[PDB]
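In the form deposited in one PDB entry, a lone chain appears below as structure tokens.
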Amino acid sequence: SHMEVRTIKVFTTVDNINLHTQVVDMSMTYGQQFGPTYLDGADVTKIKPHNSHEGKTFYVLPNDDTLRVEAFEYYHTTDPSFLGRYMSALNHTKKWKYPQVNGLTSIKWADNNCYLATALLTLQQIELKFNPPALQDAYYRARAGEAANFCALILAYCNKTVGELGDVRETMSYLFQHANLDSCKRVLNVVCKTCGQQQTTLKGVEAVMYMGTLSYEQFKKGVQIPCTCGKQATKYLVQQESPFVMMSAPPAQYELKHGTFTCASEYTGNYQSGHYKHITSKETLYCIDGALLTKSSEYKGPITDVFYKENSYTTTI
């Protein structure tokens, strides 16, 4: 009653570069032989091999020491569910569209991906280099217009699934964690009429992000914050060394003035449902909303994040 054994050669991988020769029995599923298995994002764990699969590359989970090392070196994570979440996302993002809008790779709206579109548009306007080879390779392709792998990696690194509501500031925080910001430096001073003054120094990601005001000029002049004594103290920027800065705040009506910022994100909605748009300051003000594009000489809206150019700043206060 035994059926004659039939096999094909396939390759397994965790980085799509280093390949691992395998011989699979076509009477057993991929899952029975490799564990969870994916073909360009599609879950084929429960699929039995097809003749058309011969010679193709399948992603698997890091289930031996060689694969564990290859996966860490490429992705800089050892989260056991990472590859499954990346493939699950990729199965969707490979079907998204990535139109060039005003010279930048955007994303046509789908699956609540507006926060990803404005993040991707923002990255193309600031100086930033990623550390994991996976992000280096995928971001290069995204700049060229093939952003499916990059978007699926953002989702995996942020632990977001396709369709989940995302926050732009949080998303940028994750991407900045995987970028080389080592030389970025920020010095702050906080002045309380009662308690005196206290200087602090921040480095890396914390040197380029601030939550509380959208205006870089106001940050240099001073913003009011609580002091432990109960009074409000004044916090201001003393010194800044970085190629950009990111200023964030809860969404509030805010006026964006041409030539005074690099780009910004706008959020219309509430804590459960909303929509992001991107504003970029070039020869005029362009509003990029996924595949849509409009222009205006002035802009006012519920802004959440503003990016500014920088190199070296020292206060005169």
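So that there is no doubt, residue numbering starts at 1 and follows the sequence shown.
#### Entry: Higher-scoring stretch by recorded Cα B factor average, 143-151 or 220-228
Here the higher of the two C-alpha B-factor means belongs to 220-228.
### Task
Compare the mean C-alpha B-factor of 30-38 with that of 266-274 as given in the PDB entry, and name the stretch with the higher value.
Result: 266-274.
### Query
Which one of 100, 131, 201, 125 shows the biggest C-alpha B-factor in the PDB entry?
It is 201.
#### Entry: Residue, from 250, 55, 290, 49, that the PDB entry assigns the highest Cα B-factor
Of the candidates given, the C-alpha B-factor peaks at 250.
### Message
Based on the deposited C-alpha B factors for this chain, I'd like to know if residue 279 is in the lowest, middle or highest third.
### Response
Answer is lowest: the recorded C-alpha B-factor places it there.
#### Entry: CA B-factor placement of residue 180, once the chain's modelled residues are sorted into thirds
Middle third of the chain for residue 180's C-alpha B-factor.
### Query
Once the chain's modelled residues are ordered by C-alpha B factor and cut into thirds, is residue 254 in the lowest, middle or highest one?
Residue 254: CA B-factor falls in the highest third of its chain.
#### Entry: Chain-relative CA temperature factor third for residue 112
For residue 112, whose C-alpha B-factor we compare with every modelled residue in the chain, the answer is the highest third.
### Query
Ranked by Cα temperature factor within the chain, is residue 85 in the lowest third, the middle third or the highest third?
For residue 85, whose C-alpha B-factor we compare with every modelled residue in the chain, the answer is the middle third.
Below, we turn to the form solved in complex with a small molecule, even though it does not appear here.
### Query
Ok, 41, 36, 49, 251: which has a heavy atom sitting within 4.5 Å of the small molecule in the bound PDB entry?
Comparing distances to the small molecule in the bound PDB entry, the residue within 4.5 Å is 251.
### Query
Can you say which of 96-104, 120-128, 143-151, 169-177 gets within 4.5 Å of the small molecule in the bound PDB entry, counting heavy atoms only?
Heavy atoms within 4.5 Å of the small molecule in the bound PDB entry occur in 169-177.
### the small molecule contact at residue 286 in the bound PDB entry, heavy atom, 4.5 Å
Contact check for residue 286: no, nothing within 4.5 Å of the small molecule in the bound PDB entry.
### Query
Wondering, does residue 165 line up within 4.5 Å of the small molecule in the bound PDB entry on heavy atoms?
Output for residue 165 is yes: heavy atoms within 4.5 Å of the small molecule.
### Message
Test of understanding: in the bound PDB entry, would residue 276 fall inside 4.5 Å of the small molecule by heavy atoms?
### Response
Yes, residue 276 sits close enough to the small molecule in the bound PDB entry that at least one of its heavy atoms falls within 4.5 Å.
### Message
Please tell me whether any heavy atom belonging to residue 191 falls inside 4.5 Å of a heavy atom of the small molecule, as the geometry stands in the bound PDB entry.
### Response
It does not: once the small molecule is placed as it appears in the bound PDB entry, residue 191 has no heavy atom within 4.5 Å of it.
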